[PDB]
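Student: Build me a model from this:
(chains A and B, ligands or ions: 1)
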Amino acid sequence: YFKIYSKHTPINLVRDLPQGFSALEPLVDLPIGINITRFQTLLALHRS
Amino acid sequence: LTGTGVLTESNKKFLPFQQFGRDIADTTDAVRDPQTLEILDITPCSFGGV
Ligand SMILES: *[C@@H]1O[C@H](CO)[C@@H](O)[C@H](O)[C@H]1NC(C)=O
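Tutor: Numbering: from 1, shown residues only, chains lettered A, B, ... in the order given. Below is the structure:
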């Protein structure tokens, strides 16, 4: 069972993580039933 | 989820994921109706010593 919990916070700090408390609401309960041992995030390029 | 209790309109503001609610003692004191999404308190039926 792949559980996605999510939270969006309006912040204004420049560099590091803000210091505070924010609980993550459950977003998606996903029925995959597969083995996961490694992950990789996806970025977006800018072309000019 | 079966039970017996007085259903009253609730002042609790359930979040969208949250379906049923637990009290101080972790008993189901509030429930969300599956047809009309409203919150109802479940006070137990009056108990007395005769
Ligand atoms: C059917 O149930 C959904 C939620 O489960 C609700 O939004 C909708 O109003 C209901 N429709 C009727 C006709 O009761």
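Student: could you list every residue that touches the nearest residue to residue B:4 once chain neighbours are set aside?
Tutor: Nearest-residue entry for residue B:4: residue B:45, 6.2 Å, with adjacent residues in sequence omitted and distances by C-beta to C-beta, 6 or more residues apart in numbering or on different chains. The C-beta positions use only the backbone N, C-alpha and C, and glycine is treated the same way. Going by C-beta atoms under 8 Å, 6 or more residues apart in numbering or on different chains, residue B:45 touches B:4-6.
Student: Sort out which one of those residues lies nearest residue B:26 for me.
Tutor: Proximity of the contacts of residue B:45 to residue B:26 was ranked by C-beta to C-beta; the top entry is residue B:5 with 15.9 Å.
Student: Tell me, how many residues neighbour the closest one?
Tutor: 14 (other C-beta atoms under 10 Å in any protein chain shown).
Student: Can you tell me the closest non-neighbouring residue to it?
Tutor: residue B:42 (4.1 Å).
Student: mind listing the strands in chain B by residue range?
Tutor: Under the criterion DSSP state E, strands of chain B are mapped to B:6-9, B:20-22, B:28-32, B:39-43.
Student: one step back: do you know how far the residue nearest to residue B:4 is from residue B:7?
Tutor: 11 Å (C-beta to C-beta, to the nearest Å).
Student: One more: residue A:47?
Tutor: Distance of residue A:47 to residue B:7, given as C-beta to C-beta: 60 Å.
Student: Please give me every residue in contact with the residue lying closest to residue B:44 once chain neighbours are set aside.
Tutor: Distance criterion C-beta to C-beta, 6+ apart; nearest residue to residue B:44, sequence neighbours excluded, is residue B:5 at 5.1 Å. Counting by C-beta under 8 Å, 6+ apart, residue B:5 makes contact with B:42-45.
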